[PDB]
Amino acid sequence: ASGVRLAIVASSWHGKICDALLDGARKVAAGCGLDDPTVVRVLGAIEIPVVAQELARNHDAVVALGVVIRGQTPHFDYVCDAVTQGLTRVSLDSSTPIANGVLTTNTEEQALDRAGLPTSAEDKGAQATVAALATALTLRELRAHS
Amino acid sequence: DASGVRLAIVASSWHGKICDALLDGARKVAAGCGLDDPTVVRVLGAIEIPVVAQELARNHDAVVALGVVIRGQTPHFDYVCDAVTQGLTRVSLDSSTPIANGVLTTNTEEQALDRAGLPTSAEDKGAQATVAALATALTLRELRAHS
Amino acid sequence: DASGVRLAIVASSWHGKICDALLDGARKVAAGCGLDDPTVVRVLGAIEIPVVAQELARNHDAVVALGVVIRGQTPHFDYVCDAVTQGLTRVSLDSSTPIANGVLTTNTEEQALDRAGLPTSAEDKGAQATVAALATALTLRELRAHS
Amino acid sequence: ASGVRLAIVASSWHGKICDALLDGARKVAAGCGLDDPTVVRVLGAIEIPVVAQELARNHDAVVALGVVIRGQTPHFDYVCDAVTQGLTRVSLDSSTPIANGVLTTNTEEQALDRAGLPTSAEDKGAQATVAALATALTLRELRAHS
Amino acid sequence: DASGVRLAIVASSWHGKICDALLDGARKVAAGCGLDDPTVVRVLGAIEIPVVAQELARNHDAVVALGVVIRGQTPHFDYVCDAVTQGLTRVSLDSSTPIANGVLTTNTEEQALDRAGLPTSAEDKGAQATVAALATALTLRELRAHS
Ligand SMILES: O=c1[nH]c(Cl)c(CCCCOP(=O)(O)O)c(=O)[nH]1
Ligand SMILES: O=c1[nH]c(Cl)c(CCCCOP(=O)(O)O)c(=O)[nH]1
Ligand SMILES: O=c1[nH]c(Cl)c(CCCCOP(=O)(O)O)c(=O)[nH]1
Ligand SMILES: O=c1[nH]c(Cl)c(CCCCOP(=O)(O)O)c(=O)[nH]1
Ligand SMILES: O=c1[nH]c(Cl)c(CCCCOP(=O)(O)O)c(=O)[nH]1
Ligand SMILES: [K+]
Ligand SMILES: [K+]
Ligand SMILES: [K+]
Ligand SMILES: [K+]
Ligand SMILES: [K+]
Ligand SMILES: [K+]
Ligand SMILES: [K+]
Ligand SMILES: [K+]
Ligand SMILES: [K+]
Ligand SMILES: [K+]
Ligand SMILES: [K+]
Ligand SMILES: [K+]
Ligand SMILES: [K+]
Ligand SMILES: [K+]
Ligand SMILES: [K+]
Ligand SMILES: [K+]
């Protein structure tokens, strides 16, 4: 994957968990021969699609990282609807994979469990970067050459 | 920071005290960041915000959307929140412009009060949404064309 | 006052009595604001509104959507309300024209009656939507080009 | 209303219920004096929008007929979501009424009761055709003419 | 006789054994209808299907979408299914190409196995989706311009 132009946009709402996701994505990127992907920080998940849209203009793949955790109101449902709709539209408008590393949990421990910390069951940042890179390589192979 | 950003704020009026409080928070953040004169526009309800947001996005770096939807006796709340979600999301991507989320969507009036940055509120979504708008605008300025 | 704005109203007919009442509300607000002859068009059910509202938006500053969707025995209500929600939101932004929300989405007949501005009704969604349509039309006029 | 150009697309999943919807639609078009409508069969509700899109290029109105009955899984919800987004989009892209004749029920009993059979409470194939026809005529009047 | 139709199949790999069974059902229908060599592409998860389906749609009469989403401990399952639903629906209509539904969306693994055309499965979702794809391609063929 050393030739792929990779972008990562990570939100900052719930800082420790977001850093963990990013750390996972970067390590997968580096392990695949990419030492310097484009990394951009935004505040919350609502801000990801617009930044992903900009990044997709000149990258083969964008990894979307963030953490939405349910509060006391229906607001959680609408934040996740907005991000779902936006990323989906961005990937199709740009014909570019936007990988899903945006945790959507009922609880904080569930998010921690999926963030790739030493005792976590899995790592979404890593998983989303693999998805982005595999899908970019597939698309490159399907498209025009040579 | 933030003094060159062209900010717009669109605020509904459906629950007066709450709406005015969100708008105050948005405006105080803008002033704190060197923005004394953002474009401020008022609409009746949340459903009116997207079309007005769309107009504003043509000549601003960021738009803050403020409103309050509180659940009543019917499914109506669900559809109002869906319309706004789809609309703001479409607007931000059609215009490549941050549309910051300061629209409260609550089960109770208590909860909305608690999130509007009134004296005894736990938090202020109006202030938070303005931080998001300004920061994303600045990020986009950095990402886009300059030499 | 809105004596210069071009208003259209599209009202469905499924549940006639409540629909006529919504229309009455809409027309009264219109007349009170200086508009005695808005464009009024009738459609069968709520699913017909967006396509007609689309046509009306090409020739008006605001469209008021009126209708009544009352829950039955099946999930069907959800998908009818979903469709109207997506459509009207699309139409408003495609045409950059306010499409005002006067479409009741209720669990019972009692609830729709209570929101249709009949004599003993708690409120009048037709009136409310119409105020939203005109105030938004006027706001947009002030925002857009004039010399 | 004898001058409107009418197309009907019906899915075949739950065949007995689908035919009764179609018969209801056919009776209303015949009673309103139409030149026999363009009638197309598709397998399930999921296929309706893409065929509706084709028919909409050559017709004043499309009647969409189908039956979705909830099963053991959440699949029902997503099937109904797809058809909702699709037809809505098709009607607005083409500026053409796409009438609602898609039953979305919990049980087979409920579908039967809405399919215009002798002991049925309602006739949705009929209801949808009236809506299509009336909306076609309304748009014809709103649009440009002498 | 579908020997003339250009068929693509995109299948995810999340839950490998089940995806493979779905693919096998698809292939068998395809081969039974005269198509020994359809375009087959593997993607990681269901989120990746729309963008690849879009690419396939430029060069094919029909695309079959195969995949498996099984609900976990969080609301994540709902959003993943919302994304796939919206994406595929958008792709079929942008490109006017049948995109057949072979994406399982189940609460349990047991449910998904039962729908995947295994020896003891109640039904075969892969086979079903392919019949839908091919049949819809043929219909569109007769509906469109020919002599
Ligand atoms: O990126 C993000 N993440 C999260 Cl967790 C939230 C808040 C989730 C909503 C919880 O708040 P409550 O519903 O007001 O208690 C957000 O807005 N944006
Ligand atoms: O900006 C807004 N805010 C709110 Cl709270 C509503 C009504 C919420 C619906 C509650 O009332 P009920 O469902 O009729 O009891 C709106 O339409 N537009
Ligand atoms: O404008 C409208 N209004 C209403 Cl109330 C309906 C019926 C929705 C409820 C259906 O009843 P069920 O068939 O028992 O679910 C509609 O289709 N179109
Ligand atoms: O036109 C249609 N109709 C119906 Cl009823 C279905 C399946 C309903 C899904 C129920 O099955 P289960 O959820 O697997 O038990 C479809 O796909 N397409
Ligand atoms: O193609 C797919 N399939 C599936 Cl099953 C998933 C997992 C959805 C369930 C996630 O588990 P949770 O994190 O425990 O909610 C996916 O992301 N992509
Ligand atoms: K790109
Ligand atoms: K929680
Ligand atoms: K990690
Ligand atoms: K702008
Ligand atoms: K309440
Ligand atoms: K405040
Ligand atoms: K730059
Ligand atoms: K207009
Ligand atoms: K009822
Ligand atoms: K009234
Ligand atoms: K102006
Ligand atoms: K047409
Ligand atoms: K059932
Ligand atoms: K005319
Ligand atoms: K094609
Ligand atoms: K499970």
Side-chain angles (χ1 to χ4, degrees), chain C residues 6 8-16 19 38-60 63 65-67 69-97 99 103 105, chain D residues 45 56 60-64 66-70 76-77 79-107 109-111 113-114 121-122 124 126-144:
Chain C
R6 301 155 184 167
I9 304 168
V10 53
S12 58
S13 304
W14 203 303
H15 314 288
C19 281
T39 302
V40 173
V41 184
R42 297 316 281 279
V43 293
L44 185 38
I47 296 283
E48 288 68 73
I49 299 170
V51 90
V52 166
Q54 185 187 64
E55 186 65 40
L56 293 167
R58 291 174 59 74
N59 198 209
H60 289 93
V63 185
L66 304 179
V69 198
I70 302 176
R71 194 191 306 277
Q73 311 171 356
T74 74
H76 206 254
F77 171 95
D78 298 330
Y79 306 106
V80 166
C81 291
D82 281 354
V84 176
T85 294
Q86 285 165 216
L88 299 189
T89 302
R90 210 250 249 200
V91 168
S92 63
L93 300 171
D94 279 13
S95 69
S96 306
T97 298
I99 315 287
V103 186
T105 57
Chain D
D60 303 317
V62 184
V63 174
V67 190
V68 196
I69 308 180
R70 177 178 262 115
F76 175 87
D77 304 322
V79 165
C80 297
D81 283 3
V83 174
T84 298
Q85 313 176 184
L87 297 178
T88 300
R89 162 159 181 194
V90 169
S91 69
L92 302 171
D93 287 354
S94 61
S95 290
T96 294
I98 313 294
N100 173 26
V102 189
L103 299 164
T104 57
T105 71
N106 288 326
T107 65
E109 257 194 25
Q110 292 168 348
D113 203 25
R114 291 151 177 73
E122 278 185 24
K124 189 136 178 90
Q127 288 166 17
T129 307
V130 178
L133 291 181
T135 310
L137 284 168
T138 296
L139 293 171
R140 188 192 270 178
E141 259 284 14
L142 292 179
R143 289 165 177 170

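First the proteins, then the strands, lettered A, B, ... as listed; each starts at 1. No hydrogens, no waters, no symmetry mates; every other heavy atom, side chains included, goes into these values.
Heavy atoms of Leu139(D) lying under 4.5 Å from chain C belong exclusively to its side chain. Residue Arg42(C) touches chain D through its backbone alone, counting heavy-atom pairs closer than 4.5 Å. Using a 4.5 Å cut-off between heavy atoms, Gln54(C) touches chain D through its side chain atoms alone. With a 4.5 Å cut-off on non-hydrogen atoms, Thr135(D) touches chain C through its side chain but not through its backbone. If you measure heavy-atom distances from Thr138(D) to chain C, the contacts under 4.5 Å come from the side chain alone. At a 4.5 Å heavy-atom cutoff, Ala134(D) makes no contact with chain C through either its backbone or its side chain. With a 4.5 Å cut-off on non-hydrogen atoms, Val52(C) touches chain D through its backbone and its side chain both. If you measure heavy-atom distances from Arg114(D) to chain C, the contacts under 4.5 Å come from the side chain alone. For chain C, the nearby parts of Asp93(D) are the backbone and the side chain; heavy atoms of each come within less than 4.5 Å. Contacts of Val84(C) with chain D are absent, with no heavy-atom separation under 4.5 Å from either backbone or side chain. When heavy atoms are compared at a cutoff of 4.5 Å, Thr96(D) approaches chain C solely by way of its backbone atoms N, CA, C and O. Both the backbone and the side chain of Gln127(D) come within contact range of chain C, each with at least one heavy atom under 4.5 Å from a heavy atom of that chain.
Note that OG1 of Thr39(C) is 8.5 Å distant from CG of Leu142(D), once rounded to the nearest 0.5 Å. To the nearest 0.5 Å, atom CZ of residue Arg143(D) and atom CZ of residue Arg58(C) are 8.5 Å apart. Between the CZ atom in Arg90(C) and the CG atom in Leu92(D) there is a gap of 4.5 Å [rounded to 0.5 Å]. Taking OG1 of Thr88(D) as the reference point, atom CD of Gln86(C) lies at 5.5 Å (rounded to 0.5 Å).
Contact check for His76(C) versus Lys124(D): side-chain heavy atoms found under the 4.5 Å cut-off. You'll find the side chain of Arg70(D) stays beyond 4.5 Å of the side chain of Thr74(C), heavy atoms only. In this structure, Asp77(D) and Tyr79(C) have side chains that are in contact, with non-hydrogen atoms separated by less than 4.5 Å.
Scanning both residues, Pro75(C) and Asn106(D), for their nearest heavy atoms gives CG-OD1, 3.4 Å.
Among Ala111(D), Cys80(D), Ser91(D), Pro97(D), the residue making the largest number of heavy-atom pairs under 4.5 Å with chain C is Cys80(D).
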